[PDB]
> 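Please find one structure pasted underneath; my questions will follow.
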Amino acid sequence: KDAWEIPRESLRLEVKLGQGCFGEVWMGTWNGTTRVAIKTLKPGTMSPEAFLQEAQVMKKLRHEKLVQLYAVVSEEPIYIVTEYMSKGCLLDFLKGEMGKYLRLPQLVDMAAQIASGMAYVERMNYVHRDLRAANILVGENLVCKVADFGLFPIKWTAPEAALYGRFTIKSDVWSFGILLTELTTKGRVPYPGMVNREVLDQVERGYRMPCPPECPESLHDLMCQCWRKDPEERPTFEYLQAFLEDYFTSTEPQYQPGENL
Ligand SMILES: CC(C)(C)c1cc(NC(=O)Nc2cccc3ccccc23)n(-c2cccc(N)c2)n1
Ligand SMILES: CC(C)(C)c1cc(NC(=O)Nc2cccc3ccccc23)n(-c2cccc(N)c2)n1
């Protein structure tokens, strides 16, 4: 065994956080005083090999804005242990009590962190496949990090990805565009009123969501750039990041606080 492997009694599973039928996720403590999130396998549901294929991927991906692997126990019972992101998922964070105080400058900063996480994925030649607010984790002081809860999200998926299976970093770009509409509507589901097949049909014909209320036209323009038909036309995460980091100087220097944004 290797560097990640830790003894089982060095963990304390304190609070149940979530359960699917492939296992559980707990908030916990590792050795002394180290808050951790601990993921569990429900025995019988998937291959011990296949469950630990997740931490096999997280060992090779290290960056400030992707959730970080801490430890691995690799005989049953097995556990994957990461840093604790204390405020939960970005979708819940936008919708809940705390979603009503977020204004355009906190939201654009959030998008810039995620672009940064995604710029690193982009430089690593990796592909997310499921970039959306449900898979972004939030910590203290509005820190965001890219994650994957490992669950059909046609509403967040590019036409070439949904129809023909061509998932690339260019399809994660399209979803980032969709993630942007999530931030600007406080977590609302994209294409309001529309069902999957009506979405898949309207979009092929050239439909793209309109500027959300109070959101600046220049930010809708970036979503629209992320939603080009031709995957290669779509911008780079290095571009998306720098454009969001620089936003209130280069692009909307006369921005003024509103009711929701
Ligand atoms: C199905 C599966 C993978 C066991 C699961 C687990 C969770 N929930 C979480 O993992 N929640 C949390 C993870 C990490 C830190 C958290 C901090 C505070 C509250 C929840 C957290 N899930 C979840 C539940 C509800 C919404 C979202 N976005 C994710 N889903
Ligand atoms: C590409 C990237 C963003 C570095 C990533 C991260 C993960 N894994 C996770 O995010 N796992 C977890 C998500 C949410 C809560 C967790 C709590 C404890 C342990 C892992 C968690 N990934 C992953 C890889 C392979 C399979 C699965 N399901 C997930 N991928």
Side-chain angles (χ1 to χ4, degrees), residues 4 6 10-20 23-40 54-55 57-72 79-124 126 128 130-151 156 172 175-176 178-180 182-187 237 240-241 244-245 247-248 261:
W4 301 95
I6 57 136
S10 82
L11 289 176
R12 213 173 50 253
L13 289 52
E14 310 169 332
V15 170
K16 182 177 229 178
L17 285 181
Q19 208 211 319
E24 285 174 280
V25 158
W26 290 62
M27 182 270 294
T29 291
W30 174 34
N31 310 133
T33 84
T34 307
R35 289 273 140 255
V36 289
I38 300 160
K39 164 168 203 187
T40 276
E54 179 177 17
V57 144
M58 305 186 320
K59 292 172 203 160
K60 304 156 76 191
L61 293 172
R62 163 166 295 98
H63 182 99
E64 255 266 76
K65 312 296 172 161
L66 323 189
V67 210
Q68 190 62 77
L69 182 62
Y70 278 11
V72 164
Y79 302 88
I80 294 176
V81 168
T82 61
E83 65 179 294
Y84 187 53
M85 300 302 289
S86 62
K87 299 213 90 183
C89 83
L90 177 58
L91 184 67
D92 290 334
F93 185 81
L94 265 4
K95 285 156 66 54
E97 194 210 281
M98 190 73 42
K100 123 220 292 170
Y101 306 100
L102 289 166
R103 280 308 157 255
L104 212 277
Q106 293 66 56
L107 302 153
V108 164
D109 182 278
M110 295 176 95
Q113 301 174 64
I114 302 156
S116 177
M118 292 293 318
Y120 169 91
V121 167
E122 170 175 283
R123 301 183 297 272
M124 294 299 282
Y126 195 75
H128 197 293
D130 198 4
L131 189 57
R132 43 180 172 104
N135 278 317
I136 312 295
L137 285 174
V138 176
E140 294 284 325
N141 196 216
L142 288 179
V143 164
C144 303
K145 308 194 183 180
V146 172
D148 190 332
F149 283 100
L151 307 73
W156 283 264
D172 293 336
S175 304
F176 182 80
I178 308 296
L179 214 173
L180 288 179
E182 289 191 287
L183 285 153
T184 41
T185 65
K186 310 294 161 66
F237 279 112
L240 287 168
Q241 174 181 340
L244 303 148
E245 290 170 353
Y247 189 77
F248 300 92
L261 303 165

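Positions are given from 1, in the same order as the sequence printed here. In what follows, every heavy atom counts, from backbone to side chain, and hydrogens, waters and symmetry copies are set aside.
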> Report the C-alpha distance between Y126 and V57 in whole Å, list the side-chain angles of each, state the deciding distance to 0.1 Å, and finish with yes or no for side-chain contact (heavy atoms from CB on, under 4.5 Å).
CA-CA 10 Å; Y126 195 75; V57 144; 3.6 Å; yes

> When you compare the side chain of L261 with that of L107, does any pair of heavy atoms fall below 4.5 Å?
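They are in side-chain contact.
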
> Does any part of the side chain of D172, heavy atoms only, come nearer than 4.5 Å to the side chain of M118, both counted from C-beta?
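When only atoms from C-beta onward are counted, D172 and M118 do touch, with a gap below 4.5 Å.
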
> Residues two or more places apart in sequence or in another chain: which of them pass side-chain contact (heavy atoms from CB on, under 4.5 Å) with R103?
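Here the qualifying residues are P105, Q106, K186, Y255.
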
> Could you pull out all residues at least two apart from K39 that satisfy side chain to side chain donor-acceptor pair (under 3.5 Å)?
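For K39, the residues satisfying side chain to side chain donor-acceptor pair (under 3.5 Å) (neighbours in sequence not counted) are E54.
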
> Show the atom names and distances, to 0.1 Å, of all donor-acceptor pairs under 3.5 Å that link a side chain in residues 89-99 to residues at least two apart or in another chain.
none

> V138 versus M110: any side-chain heavy-atom pair under 4.5 Å?
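Yes, their side chains come closer than 4.5 Å.
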
> Got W4 and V81 here, is their nearest side-chain heavy-atom distance under 4.5 Å?
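In short, these two side chains do not touch, never coming nearer than 4.5 Å.
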
> Could you tell me whether the side chain of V121 reaches within less than 4.5 Å of the side chain of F237, counting heavy atoms only?
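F237 vs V121: side chains apart.
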
> For the residue pair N135 and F149, what are the closest heavy atoms and their distance?
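Closest pair (atom of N135, atom of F149, distance): OD1-N, 2.9 Å.
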
> Measure the spacing between CG of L131 and CZ of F176 and express it to the nearest 0.5 Å.
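If we round to the nearest 0.5 Å, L131:CG and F176:CZ are 7.5 Å apart.
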
> Distance only, no hydrogens: is a donor on one side chain within 3.5 Å (strictly under) of an acceptor on the other, for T29 and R35?
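Checked: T29/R35 side chains pair up, N/O donor to acceptor below 3.5 Å.
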
> Name all residues meeting the salt bridge (charged side-chain N to carboxylate O under 4.0 Å, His left out) criterion together with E83; count only those two or more places apart in sequence or in a different chain, and write none if there are none.
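Checked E83 against salt bridge (charged side-chain N to carboxylate O under 4.0 Å, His left out); matches are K145.
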
> Report the residues that fulfil side chain to side chain donor-acceptor pair (under 3.5 Å) with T34, sequence neighbours left out, ordered by chain and then residue number.
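Not a single residue meets the side chain to side chain donor-acceptor pair (under 3.5 Å) criterion with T34.
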
> Which heavy-atom pair separates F248 from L104 by the least distance, and what is that distance?
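Scanning both residues completely, I find the closest heavy atoms to be CZ-CD1, 3.3 Å.
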
> Any idea which heavy atoms bring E182 and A133 closest together, and the distance?
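It is OE1-N, 2.7 Å.
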
> Output yes when a side-chain donor or acceptor of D148 lies under 3.5 Å from a complementary backbone atom of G150, and no otherwise.
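Yes; at least one donor-acceptor contact below 3.5 Å.
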
> Between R132 and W156, what is the shortest heavy-atom contact and its length?
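Looking at all heavy atoms of both residues, the closest pair is CB-CD1, 3.2 Å.
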
> Between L11 and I38, what is the shortest heavy-atom contact and its length?
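Closest approach of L11 to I38: CD2-CD1, 4.1 Å.
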
> Mind checking the OG-CG spacing from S116 to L240? Nearest 0.5 Å is all I need.
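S116 atom OG to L240 atom CG measures 11.5 Å (nearest 0.5 Å).
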
> With a 4.5 Å limit on heavy-atom distance, are the side chains of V72 and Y79 in contact?
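Contact flag for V72/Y79 side chains = no.
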
> In the structure I gave you, are the side-chain heavy atoms of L179 and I114 within less than 4.5 Å of one another anywhere?
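SC-SC contact between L179 and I114 confirmed.
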
> Are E24 and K16 close enough for a salt bridge, meaning some N to O gap below 4.0 Å?
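Here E24 pairs with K16 in a salt bridge, since their nearest N and O are under 4.0 Å apart.
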
> Would you check if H128 and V146 make a side-chain contact, meaning some heavy-atom pair closer than 4.5 Å?
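Counting from C-beta outward, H128 and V146 do come under 4.5 Å.
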
> Identify every side-chain donor-acceptor pair in residues 58-71 under 3.5 Å, counting partners at least two apart or on other chains, and give the distances.
| residue | atom | partner | partner atom | Å |
| --- | --- | --- | --- | --- |
| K65 | NZ | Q113 | OE1 | 3.0 |

> Taking all heavy atoms of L244 and all of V108, pick out the closest pair and write down the distance.
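The answer is O-CG1, 3.5 Å.
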
